[PDB]
$ cat start23.txt   # compact mmCIF, N, CA and C atoms and all ligand atoms
# COMPACT_ATOMS: atom_id res chain seq x y z
N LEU A 7 9.38 -6.51 12.73
CA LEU A 7 8.94 -6.90 11.34
C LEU A 7 10.15 -7.04 10.43
N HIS A 8 10.03 -7.87 9.39
CA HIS A 8 11.12 -7.96 8.42
C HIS A 8 10.72 -8.06 6.97
N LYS A 9 11.60 -7.53 6.14
CA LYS A 9 11.39 -7.48 4.72
C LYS A 9 11.79 -8.80 4.09
N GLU A 10 10.96 -9.26 3.18
CA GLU A 10 11.21 -10.48 2.40
C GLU A 10 11.17 -10.17 0.90
N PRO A 11 11.91 -10.95 0.11
CA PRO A 11 11.85 -10.69 -1.32
C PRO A 11 10.53 -10.99 -1.99
N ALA A 12 10.36 -10.31 -3.12
CA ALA A 12 9.32 -10.61 -4.10
C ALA A 12 9.71 -9.95 -5.41
N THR A 13 9.05 -10.33 -6.49
CA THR A 13 9.28 -9.68 -7.77
C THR A 13 7.93 -9.28 -8.36
N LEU A 14 7.91 -8.16 -9.04
CA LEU A 14 6.69 -7.70 -9.67
C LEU A 14 6.23 -8.74 -10.66
N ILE A 15 4.96 -9.08 -10.62
CA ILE A 15 4.30 -9.63 -11.83
C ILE A 15 3.50 -8.58 -12.59
N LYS A 16 2.63 -7.84 -11.90
CA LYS A 16 1.86 -6.78 -12.56
C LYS A 16 1.33 -5.75 -11.58
N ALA A 17 1.39 -4.49 -11.96
CA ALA A 17 0.65 -3.45 -11.32
C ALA A 17 -0.80 -3.76 -11.48
N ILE A 18 -1.61 -3.47 -10.48
CA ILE A 18 -3.03 -3.59 -10.66
C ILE A 18 -3.70 -2.21 -10.51
N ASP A 19 -3.82 -1.72 -9.27
CA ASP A 19 -4.34 -0.37 -9.07
C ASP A 19 -3.61 0.37 -7.93
N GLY A 20 -4.24 1.38 -7.34
CA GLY A 20 -3.60 2.18 -6.31
C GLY A 20 -3.03 1.37 -5.14
N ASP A 21 -3.80 0.40 -4.70
CA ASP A 21 -3.45 -0.30 -3.43
C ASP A 21 -3.40 -1.80 -3.55
N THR A 22 -3.38 -2.31 -4.77
CA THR A 22 -3.18 -3.76 -4.99
C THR A 22 -2.14 -3.97 -6.10
N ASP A 23 -1.42 -5.06 -5.99
CA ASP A 23 -0.47 -5.47 -6.97
C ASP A 23 -0.51 -6.99 -7.12
N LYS A 24 0.24 -7.49 -8.12
CA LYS A 24 0.48 -8.90 -8.25
C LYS A 24 1.99 -9.13 -8.23
N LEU A 25 2.42 -9.89 -7.23
CA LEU A 25 3.81 -10.10 -7.01
C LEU A 25 4.03 -11.59 -6.99
N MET A 26 5.25 -12.00 -7.33
CA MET A 26 5.70 -13.35 -7.03
C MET A 26 6.35 -13.42 -5.63
N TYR A 27 5.79 -14.21 -4.76
CA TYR A 27 6.29 -14.31 -3.36
C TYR A 27 6.46 -15.77 -2.98
N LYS A 28 7.66 -16.10 -2.48
CA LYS A 28 8.10 -17.49 -2.29
C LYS A 28 7.78 -18.30 -3.55
N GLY A 29 7.96 -17.69 -4.72
CA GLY A 29 7.83 -18.41 -5.97
C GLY A 29 6.43 -18.64 -6.51
N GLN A 30 5.43 -18.06 -5.82
CA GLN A 30 4.04 -18.17 -6.16
C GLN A 30 3.43 -16.81 -6.47
N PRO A 31 2.61 -16.72 -7.53
CA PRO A 31 1.92 -15.46 -7.83
C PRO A 31 0.83 -15.19 -6.78
N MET A 32 0.81 -13.97 -6.25
CA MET A 32 -0.20 -13.60 -5.28
C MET A 32 -0.65 -12.17 -5.58
N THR A 33 -1.89 -11.86 -5.26
CA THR A 33 -2.30 -10.45 -5.23
C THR A 33 -2.06 -9.94 -3.82
N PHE A 34 -1.44 -8.77 -3.69
CA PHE A 34 -1.26 -8.11 -2.41
C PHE A 34 -2.16 -6.90 -2.24
N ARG A 35 -2.78 -6.76 -1.06
CA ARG A 35 -3.50 -5.55 -0.70
C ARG A 35 -2.65 -4.77 0.35
N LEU A 36 -2.34 -3.52 0.06
CA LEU A 36 -1.48 -2.75 0.95
C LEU A 36 -2.18 -2.51 2.27
N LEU A 37 -1.49 -2.84 3.33
CA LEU A 37 -1.97 -2.52 4.69
C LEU A 37 -2.19 -1.04 4.91
N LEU A 38 -3.24 -0.74 5.65
CA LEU A 38 -3.47 0.53 6.34
C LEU A 38 -3.83 1.69 5.42
N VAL A 39 -4.09 1.42 4.15
CA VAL A 39 -4.40 2.51 3.25
C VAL A 39 -5.61 2.20 2.39
N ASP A 40 -6.18 3.27 1.82
CA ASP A 40 -7.27 3.15 0.86
C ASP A 40 -7.01 4.13 -0.23
N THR A 41 -6.75 3.63 -1.42
CA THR A 41 -6.82 4.44 -2.62
C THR A 41 -8.24 4.53 -3.21
N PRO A 42 -8.52 5.63 -3.91
CA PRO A 42 -9.78 5.63 -4.70
C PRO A 42 -9.76 4.55 -5.78
N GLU A 43 -10.91 3.96 -6.09
CA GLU A 43 -11.01 2.99 -7.17
C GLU A 43 -10.75 3.76 -8.49
N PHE A 50 -10.20 3.06 -9.48
CA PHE A 50 -9.83 3.66 -10.77
C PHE A 50 -10.88 4.56 -11.37
N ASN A 51 -12.15 4.16 -11.25
CA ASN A 51 -13.25 4.97 -11.77
C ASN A 51 -13.56 6.23 -10.94
N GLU A 52 -12.98 6.34 -9.75
CA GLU A 52 -13.21 7.51 -8.86
C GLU A 52 -12.16 8.62 -9.06
N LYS A 53 -12.38 9.75 -8.43
CA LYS A 53 -11.44 10.84 -8.50
C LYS A 53 -10.12 10.52 -7.81
N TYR A 54 -9.03 10.86 -8.50
CA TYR A 54 -7.65 10.50 -8.11
C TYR A 54 -7.33 9.02 -8.21
N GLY A 55 -8.31 8.20 -8.63
CA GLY A 55 -8.10 6.78 -8.87
C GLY A 55 -7.08 6.50 -9.93
N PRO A 56 -7.23 7.11 -11.12
CA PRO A 56 -6.16 6.94 -12.10
C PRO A 56 -4.78 7.43 -11.66
N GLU A 57 -4.71 8.57 -10.95
CA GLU A 57 -3.42 9.13 -10.45
C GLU A 57 -2.82 8.18 -9.40
N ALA A 58 -3.69 7.56 -8.63
CA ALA A 58 -3.21 6.58 -7.64
C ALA A 58 -2.64 5.33 -8.27
N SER A 59 -3.35 4.81 -9.27
CA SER A 59 -2.87 3.63 -9.98
C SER A 59 -1.56 3.89 -10.62
N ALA A 60 -1.44 5.05 -11.28
CA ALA A 60 -0.21 5.42 -12.01
C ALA A 60 0.95 5.50 -11.05
N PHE A 61 0.68 6.23 -9.96
CA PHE A 61 1.72 6.39 -8.94
C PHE A 61 2.26 5.04 -8.39
N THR A 62 1.35 4.19 -7.94
CA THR A 62 1.72 2.83 -7.55
C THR A 62 2.40 2.01 -8.66
N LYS A 63 1.87 2.11 -9.89
CA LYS A 63 2.42 1.37 -11.02
C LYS A 63 3.84 1.79 -11.23
N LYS A 64 4.06 3.11 -11.31
CA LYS A 64 5.41 3.64 -11.53
C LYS A 64 6.38 3.29 -10.43
N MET A 65 5.92 3.37 -9.19
CA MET A 65 6.80 3.06 -8.10
C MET A 65 7.20 1.59 -8.19
N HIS A 66 6.28 0.72 -8.59
CA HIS A 66 6.59 -0.70 -8.69
C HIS A 66 7.52 -1.00 -9.87
N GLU A 67 7.20 -0.42 -11.02
CA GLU A 67 7.90 -0.72 -12.30
C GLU A 67 9.32 -0.12 -12.36
N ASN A 68 9.53 1.01 -11.72
CA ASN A 68 10.86 1.60 -11.67
C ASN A 68 11.74 0.96 -10.59
N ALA A 69 11.15 0.15 -9.72
CA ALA A 69 11.90 -0.49 -8.62
C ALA A 69 12.90 -1.54 -9.11
N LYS A 70 14.15 -1.44 -8.68
CA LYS A 70 15.10 -2.57 -8.84
C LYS A 70 14.77 -3.73 -7.93
N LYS A 71 14.24 -3.41 -6.76
CA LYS A 71 14.08 -4.37 -5.67
C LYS A 71 12.72 -4.11 -5.01
N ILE A 72 11.86 -5.14 -5.03
CA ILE A 72 10.58 -5.13 -4.36
C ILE A 72 10.71 -6.05 -3.13
N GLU A 73 10.17 -5.59 -1.99
CA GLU A 73 10.11 -6.42 -0.81
C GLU A 73 8.76 -6.34 -0.16
N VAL A 74 8.44 -7.44 0.52
CA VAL A 74 7.20 -7.60 1.24
C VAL A 74 7.49 -7.68 2.71
N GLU A 75 6.68 -6.97 3.51
CA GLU A 75 6.81 -6.97 4.95
C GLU A 75 5.43 -7.23 5.53
N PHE A 76 5.24 -8.43 6.05
CA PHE A 76 4.02 -8.73 6.77
C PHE A 76 4.05 -8.09 8.15
N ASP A 77 2.86 -7.83 8.69
CA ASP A 77 2.75 -7.37 10.03
C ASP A 77 2.57 -8.61 10.91
N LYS A 78 2.15 -8.39 12.14
CA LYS A 78 2.07 -9.44 13.20
C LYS A 78 0.83 -10.34 13.12
N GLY A 79 -0.18 -9.87 12.40
CA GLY A 79 -1.50 -10.47 12.33
C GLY A 79 -1.79 -11.29 11.09
N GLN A 80 -3.01 -11.25 10.64
CA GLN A 80 -3.38 -12.09 9.51
C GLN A 80 -2.58 -11.68 8.32
N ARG A 81 -2.05 -12.65 7.58
CA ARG A 81 -1.27 -12.32 6.35
C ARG A 81 -2.05 -12.38 5.07
N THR A 82 -3.28 -12.89 5.14
CA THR A 82 -4.14 -12.92 3.96
C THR A 82 -5.53 -12.43 4.33
N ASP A 83 -6.21 -11.70 3.42
CA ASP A 83 -7.53 -11.29 3.78
C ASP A 83 -8.58 -12.30 3.31
N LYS A 84 -9.86 -11.95 3.44
CA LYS A 84 -10.92 -12.89 3.12
C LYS A 84 -11.03 -13.22 1.64
N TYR A 85 -10.43 -12.40 0.79
CA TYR A 85 -10.45 -12.60 -0.64
C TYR A 85 -9.22 -13.39 -1.10
N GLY A 86 -8.37 -13.78 -0.16
CA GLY A 86 -7.08 -14.41 -0.47
C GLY A 86 -5.94 -13.46 -0.83
N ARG A 87 -6.15 -12.16 -0.71
CA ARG A 87 -5.07 -11.21 -0.93
C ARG A 87 -4.10 -11.17 0.21
N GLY A 88 -2.81 -11.13 -0.12
CA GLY A 88 -1.82 -10.96 0.93
C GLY A 88 -1.93 -9.55 1.50
N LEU A 89 -1.72 -9.44 2.79
CA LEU A 89 -1.73 -8.16 3.48
C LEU A 89 -0.32 -7.82 3.93
N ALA A 90 0.22 -6.72 3.40
CA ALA A 90 1.61 -6.40 3.65
C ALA A 90 1.86 -4.95 3.50
N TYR A 91 3.01 -4.52 4.04
CA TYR A 91 3.68 -3.26 3.59
C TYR A 91 4.60 -3.59 2.43
N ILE A 92 4.56 -2.81 1.34
CA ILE A 92 5.36 -3.17 0.21
C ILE A 92 6.42 -2.07 0.04
N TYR A 93 7.67 -2.44 -0.28
CA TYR A 93 8.77 -1.47 -0.37
C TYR A 93 9.37 -1.55 -1.75
N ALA A 94 9.63 -0.38 -2.34
CA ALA A 94 10.28 -0.29 -3.65
C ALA A 94 11.60 0.40 -3.42
N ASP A 95 12.70 -0.35 -3.61
CA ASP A 95 14.02 0.18 -3.32
C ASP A 95 14.03 0.86 -1.93
N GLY A 96 13.51 0.15 -0.93
CA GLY A 96 13.59 0.55 0.50
C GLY A 96 12.54 1.57 0.96
N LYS A 97 11.77 2.09 0.00
CA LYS A 97 10.78 3.09 0.25
C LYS A 97 9.37 2.45 0.26
N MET A 98 8.65 2.66 1.34
CA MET A 98 7.35 2.04 1.50
C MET A 98 6.36 2.69 0.54
N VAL A 99 5.71 1.84 -0.23
CA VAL A 99 4.68 2.29 -1.14
C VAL A 99 3.47 2.78 -0.34
N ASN A 100 3.12 2.03 0.71
CA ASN A 100 1.93 2.42 1.50
C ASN A 100 2.12 3.88 1.99
N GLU A 101 3.29 4.20 2.56
CA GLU A 101 3.55 5.50 3.15
C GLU A 101 3.57 6.56 2.03
N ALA A 102 4.23 6.25 0.94
CA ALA A 102 4.39 7.19 -0.19
C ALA A 102 3.07 7.63 -0.76
N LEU A 103 2.12 6.73 -0.89
CA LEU A 103 0.78 7.04 -1.34
C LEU A 103 0.10 8.02 -0.40
N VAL A 104 0.22 7.76 0.87
CA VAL A 104 -0.44 8.64 1.85
C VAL A 104 0.24 10.00 1.77
N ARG A 105 1.57 10.01 1.76
CA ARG A 105 2.29 11.24 1.91
C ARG A 105 1.93 12.17 0.76
N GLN A 106 1.58 11.58 -0.37
CA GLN A 106 1.21 12.35 -1.56
C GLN A 106 -0.29 12.65 -1.63
N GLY A 107 -1.05 12.25 -0.62
CA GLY A 107 -2.49 12.47 -0.68
C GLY A 107 -3.19 11.66 -1.77
N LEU A 108 -2.61 10.53 -2.15
CA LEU A 108 -3.27 9.65 -3.17
C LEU A 108 -3.94 8.45 -2.46
N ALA A 109 -3.76 8.37 -1.15
CA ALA A 109 -4.45 7.38 -0.29
C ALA A 109 -4.73 7.94 1.09
N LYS A 110 -5.82 7.48 1.71
CA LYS A 110 -6.12 7.75 3.12
C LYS A 110 -5.66 6.59 3.98
N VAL A 111 -5.29 6.90 5.22
CA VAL A 111 -5.11 5.87 6.25
C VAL A 111 -6.48 5.30 6.47
N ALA A 112 -6.56 3.97 6.49
CA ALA A 112 -7.82 3.27 6.47
C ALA A 112 -7.59 1.85 6.95
N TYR A 113 -8.69 1.19 7.29
CA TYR A 113 -8.66 -0.23 7.54
C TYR A 113 -7.62 -0.66 8.62
N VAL A 114 -7.57 0.13 9.68
CA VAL A 114 -6.60 -0.05 10.73
C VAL A 114 -7.19 -1.05 11.69
N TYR A 115 -6.83 -2.30 11.49
CA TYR A 115 -7.28 -3.41 12.37
C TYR A 115 -6.22 -3.75 13.44
N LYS A 116 -6.70 -3.95 14.68
CA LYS A 116 -5.80 -4.22 15.84
C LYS A 116 -4.93 -5.44 15.55
N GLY A 117 -3.62 -5.35 15.77
CA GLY A 117 -2.74 -6.48 15.43
C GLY A 117 -2.06 -6.56 14.09
N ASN A 118 -2.57 -5.83 13.08
CA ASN A 118 -1.80 -5.54 11.92
C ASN A 118 -1.75 -4.01 11.78
N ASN A 119 -1.18 -3.32 12.74
CA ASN A 119 -1.15 -1.87 12.67
C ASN A 119 0.16 -1.30 13.11
N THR A 120 1.27 -2.04 12.93
CA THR A 120 2.58 -1.60 13.34
C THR A 120 2.97 -0.20 12.77
N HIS A 121 2.62 0.07 11.53
CA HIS A 121 3.08 1.34 10.93
C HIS A 121 1.97 2.41 10.91
N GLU A 122 0.95 2.25 11.74
CA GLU A 122 -0.16 3.26 11.79
C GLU A 122 0.30 4.70 11.98
N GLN A 123 1.13 4.90 13.02
CA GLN A 123 1.47 6.26 13.37
C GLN A 123 2.41 6.91 12.35
N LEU A 124 3.30 6.11 11.77
CA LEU A 124 4.10 6.56 10.61
C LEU A 124 3.24 7.05 9.42
N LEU A 125 2.17 6.30 9.10
CA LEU A 125 1.33 6.71 7.99
C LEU A 125 0.45 7.91 8.39
N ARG A 126 -0.03 7.95 9.63
CA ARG A 126 -0.85 9.09 10.06
C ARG A 126 -0.03 10.36 9.99
N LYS A 127 1.27 10.26 10.30
CA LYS A 127 2.11 11.45 10.26
C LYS A 127 2.22 11.93 8.79
N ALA A 128 2.33 10.97 7.87
CA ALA A 128 2.38 11.30 6.44
C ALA A 128 1.05 11.93 5.96
N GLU A 129 -0.06 11.38 6.42
CA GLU A 129 -1.36 11.91 6.07
C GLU A 129 -1.52 13.36 6.55
N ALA A 130 -1.11 13.65 7.79
CA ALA A 130 -1.19 15.01 8.30
C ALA A 130 -0.39 15.99 7.43
N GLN A 131 0.78 15.55 6.97
CA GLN A 131 1.61 16.40 6.08
C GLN A 131 0.98 16.65 4.69
N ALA A 132 0.46 15.59 4.06
CA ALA A 132 -0.29 15.71 2.81
C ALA A 132 -1.49 16.63 2.94
N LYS A 133 -2.21 16.51 4.05
CA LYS A 133 -3.34 17.37 4.32
C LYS A 133 -2.93 18.83 4.52
N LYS A 134 -1.82 19.04 5.22
CA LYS A 134 -1.31 20.40 5.48
C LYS A 134 -1.01 21.03 4.11
N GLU A 135 -0.40 20.23 3.24
CA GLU A 135 -0.05 20.65 1.88
C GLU A 135 -1.20 20.67 0.90
N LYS A 136 -2.41 20.36 1.36
CA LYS A 136 -3.60 20.30 0.52
C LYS A 136 -3.37 19.49 -0.74
N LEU A 137 -2.70 18.33 -0.62
CA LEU A 137 -2.30 17.57 -1.80
C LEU A 137 -3.41 16.64 -2.25
N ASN A 138 -3.65 16.66 -3.56
CA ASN A 138 -4.51 15.70 -4.21
C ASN A 138 -5.89 15.50 -3.54
N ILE A 139 -6.07 14.37 -2.87
CA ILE A 139 -7.30 14.13 -2.15
C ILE A 139 -7.65 15.22 -1.14
N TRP A 140 -6.65 15.88 -0.59
CA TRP A 140 -6.91 16.90 0.38
C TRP A 140 -6.96 18.28 -0.26
N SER A 141 -7.11 18.36 -1.58
CA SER A 141 -7.14 19.67 -2.29
C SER A 141 -8.55 20.21 -2.53
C1 LIG A 201 -6.72 -3.37 3.91
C2 LIG A 201 -7.61 -4.52 4.32
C3 LIG A 201 -8.81 -4.77 3.65
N1 LIG A 201 -9.60 -5.79 4.02
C4 LIG A 201 -10.91 -6.05 3.40
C5 LIG A 201 -11.92 -5.18 4.15
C6 LIG A 201 -12.90 -4.77 3.09
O1 LIG A 201 -13.96 -5.75 2.99
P1 LIG A 201 -15.19 -5.46 1.98
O2 LIG A 201 -14.77 -5.88 0.59
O3 LIG A 201 -16.21 -6.36 2.62
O4 LIG A 201 -15.51 -4.00 2.02
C7 LIG A 201 -12.09 -4.80 1.80
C8 LIG A 201 -11.56 -3.46 1.36
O5 LIG A 201 -10.59 -3.70 0.33
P2 LIG A 201 -10.57 -2.73 -0.98
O6 LIG A 201 -10.33 -1.31 -0.55
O7 LIG A 201 -9.47 -3.34 -1.83
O8 LIG A 201 -11.92 -2.92 -1.58
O9 LIG A 201 -10.97 -5.60 2.03
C9 LIG A 201 -9.20 -6.59 5.13
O10 LIG A 201 -9.94 -7.54 5.50
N2 LIG A 201 -8.06 -6.40 5.76
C10 LIG A 201 -7.23 -5.38 5.46
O11 LIG A 201 -6.18 -5.21 6.14
CA CA A 202 -9.46 0.78 -2.59
$ encode --input "start23.txt" --output "structure tokens"
Amino acid sequence: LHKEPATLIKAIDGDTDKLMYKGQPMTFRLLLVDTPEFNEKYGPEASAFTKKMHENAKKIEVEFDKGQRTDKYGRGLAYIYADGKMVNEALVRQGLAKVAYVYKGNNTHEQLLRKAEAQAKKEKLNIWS
């Protein structure tokens, strides 16, 4: 897999953003994770966390997996990195997202995120509290 450039257009919520990619505005849905919706518990904390990670980033990058790059809603499916740090993993590691939506062929970083989830759970963090 490889990282490609993008620039923030807008934070949206825990697991979606709006980025400029190849010069076009797109909504991205983070691979392999599920944040609570804003109206749910930890939803606001998840949005804030993702927002901050995106907004404080000097450098945003997009990393597609091997499979479909867009979902049925037209959202890009990617791992997103803020200054080299994966947002998808960071959310899980903090217990602000669950590993979810693991579809065969876009699951390269499954075991990395599951390891983060086990640690967040051990620490009884947020969703696991
Ligand atoms: C993460 C992800 C979600 N989706 C779709 C499945 C779900 O369909 P449904 O909308 O029919 O439930 C939905 C969950 O996204 P959200 O968690 O953003 O709602 O997005 C994919 O198709 N591929 C993916 O890799
Ligand atoms: Ca969600």
$ residues_near_ligand --input "start23.txt" --ligand "ligand LIG 201 (chain A)" --cutoff "7 Å" --atoms "all atoms listed in the file" --output "list in words"
residues 21, 22, 35, 36, 37, 38, 39, 40, 41, 82, 83, 84, 85, 89, 112, 113, 114 and 115 of chain A
$ closest_residue --input "start23.txt" --among "A:62, A:17, A:8, A:42" --to "ligand CA 202 (chain A)" --atoms "all atoms listed in the file"
A:42
$ residues_near_point --input "start23.txt" --point "(3.1, -11.6, 9.5)" --cutoff "8 Å" --atoms "all atoms listed in the file" --output "JSON, numbers by chain"
{"A": [7, 8, 75, 76, 77, 78, 79, 80, 81, 82, 89, 90]}
$ closest_residue --input "start23.txt" --among "A:43, A:107, A:74, A:139" --to "ligand CA 202 (chain A)" --atoms "all atoms listed in the file"
A:43
$ closest_residue --input "start23.txt" --among "A:20, A:109, A:132, A:122" --to "residue A:50" --atoms "only N, CA and C atoms"
A:20
$ residues_around --input "start23.txt" --residues "residue A:125" --least-positions-apart "2" --cutoff "8 Å" --atoms "all atoms listed in the file" --output "count of residues only"
17
$ closest_residue --input "start23.txt" --among "A:87, A:11, A:134, A:19" --to "ligand CA 202 (chain A)" --atoms "only N, CA and C atoms and all ligand atoms"
A:19
$ atom_distance --input "start23.txt" --atom1 "atom CA of residue A:106" --atom2 "atom C of residue A:137"
6.3 Å
$ select_by_dssp --input "start23.txt" --residues "chain A" --states "strand (DSSP E)" --output "PyMOL selection string"
chain A and resi 10-17+22-27+30-36+39-40+72-75+88-94+97-98+110-111
$ atom_distance --input "start23.txt" --atom1 "atom C of residue A:29" --atom2 "atom N of residue A:96"
20.8 Å
$ decode --input "start23.txt" --residues "stretch 25-119 of chain A" --atoms "C-alpha atoms" --output "short mmCIF file (atom, residue, chain, number, x, y, z; two decimals), in the first residue's frame"
data_model
loop_
_atom_site.label_atom_id
_atom_site.label_comp_id
_atom_site.auth_asym_id
_atom_site.auth_seq_id
_atom_site.Cartn_x
_atom_site.Cartn_y
_atom_site.Cartn_z
CA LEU A 25 -10.51 16.10 1.82
CA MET A 26 -9.19 17.40 -1.46
CA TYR A 27 -7.73 14.39 -3.34
CA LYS A 28 -6.16 14.64 -6.79
CA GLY A 29 -7.59 18.17 -6.76
CA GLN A 30 -11.20 17.12 -6.21
CA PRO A 31 -13.30 17.43 -3.03
CA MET A 32 -14.33 14.02 -1.71
CA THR A 33 -15.86 12.64 1.47
CA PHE A 34 -13.74 9.85 2.96
CA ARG A 35 -15.02 7.02 5.16
CA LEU A 36 -12.23 5.52 7.32
CA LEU A 37 -11.61 1.86 6.65
CA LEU A 38 -12.13 -0.80 9.30
CA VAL A 39 -13.60 1.36 12.05
CA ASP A 40 -16.92 2.55 13.45
CA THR A 41 -17.29 5.64 15.53
CA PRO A 42 -20.52 6.40 17.41
CA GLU A 43 -22.76 8.87 15.55
CA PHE A 50 -22.56 12.42 17.01
CA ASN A 51 -25.90 12.02 18.77
CA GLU A 52 -24.68 8.78 20.49
CA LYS A 53 -22.43 8.28 23.50
CA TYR A 54 -18.77 9.16 22.81
CA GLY A 55 -19.94 10.53 19.43
CA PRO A 56 -18.99 14.09 20.24
CA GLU A 57 -15.62 12.93 21.76
CA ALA A 58 -14.98 10.94 18.59
CA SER A 59 -15.74 13.85 16.29
CA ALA A 60 -13.54 16.17 18.33
CA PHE A 61 -10.70 13.71 18.37
CA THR A 62 -10.81 13.19 14.59
CA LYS A 63 -11.34 16.93 13.99
CA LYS A 64 -8.32 17.84 16.10
CA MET A 65 -6.12 15.21 14.59
CA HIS A 66 -7.01 16.50 11.12
CA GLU A 67 -6.80 20.25 11.90
CA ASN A 68 -3.49 20.09 13.77
CA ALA A 69 -1.93 18.03 10.93
CA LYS A 70 0.74 19.67 8.74
CA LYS A 71 0.42 16.80 6.29
CA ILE A 72 -2.64 14.67 5.48
CA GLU A 73 -2.26 11.51 3.39
CA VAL A 74 -4.61 8.98 1.95
CA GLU A 75 -3.83 5.28 1.67
CA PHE A 76 -6.22 3.11 -0.29
CA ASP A 77 -6.31 -0.60 0.31
CA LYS A 78 -6.35 -3.30 -2.43
CA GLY A 79 -10.13 -3.37 -2.95
CA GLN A 80 -12.95 -0.99 -3.69
CA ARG A 81 -11.86 2.63 -3.28
CA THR A 82 -15.35 4.09 -3.06
CA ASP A 83 -18.39 2.86 -1.20
CA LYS A 84 -22.01 2.77 -2.34
CA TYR A 85 -22.59 6.33 -1.16
CA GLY A 86 -19.61 7.61 -3.20
CA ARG A 87 -17.38 7.97 -0.13
CA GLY A 88 -13.73 7.20 -0.58
CA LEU A 89 -12.52 4.26 1.49
CA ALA A 90 -9.06 4.76 2.91
CA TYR A 91 -6.66 4.78 5.80
CA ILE A 92 -6.01 8.41 6.62
CA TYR A 93 -2.71 9.64 8.16
CA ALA A 94 -2.03 12.89 10.01
CA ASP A 95 1.68 13.63 10.11
CA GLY A 96 2.40 9.88 9.55
CA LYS A 97 0.02 8.70 12.27
CA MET A 98 -3.02 6.71 11.19
CA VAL A 99 -6.27 8.27 12.27
CA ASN A 100 -8.11 4.96 11.94
CA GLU A 101 -5.67 3.26 14.40
CA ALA A 102 -5.57 6.26 16.79
CA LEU A 103 -9.35 6.23 17.19
CA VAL A 104 -9.38 2.57 18.03
CA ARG A 105 -6.40 2.79 20.34
CA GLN A 106 -8.24 5.44 22.35
CA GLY A 107 -11.49 3.45 22.51
CA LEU A 108 -13.33 6.13 20.45
CA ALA A 109 -13.96 3.57 17.63
CA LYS A 110 -14.53 -0.17 17.26
CA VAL A 111 -12.95 -2.36 14.60
CA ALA A 112 -15.83 -2.85 12.22
CA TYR A 113 -16.82 -3.35 8.63
CA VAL A 114 -13.94 -5.71 7.87
CA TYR A 115 -14.59 -6.71 4.27
CA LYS A 116 -12.33 -9.30 2.53
CA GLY A 117 -9.86 -7.49 0.22
CA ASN A 118 -9.83 -4.14 1.94
CA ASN A 119 -8.47 -5.43 5.25
#
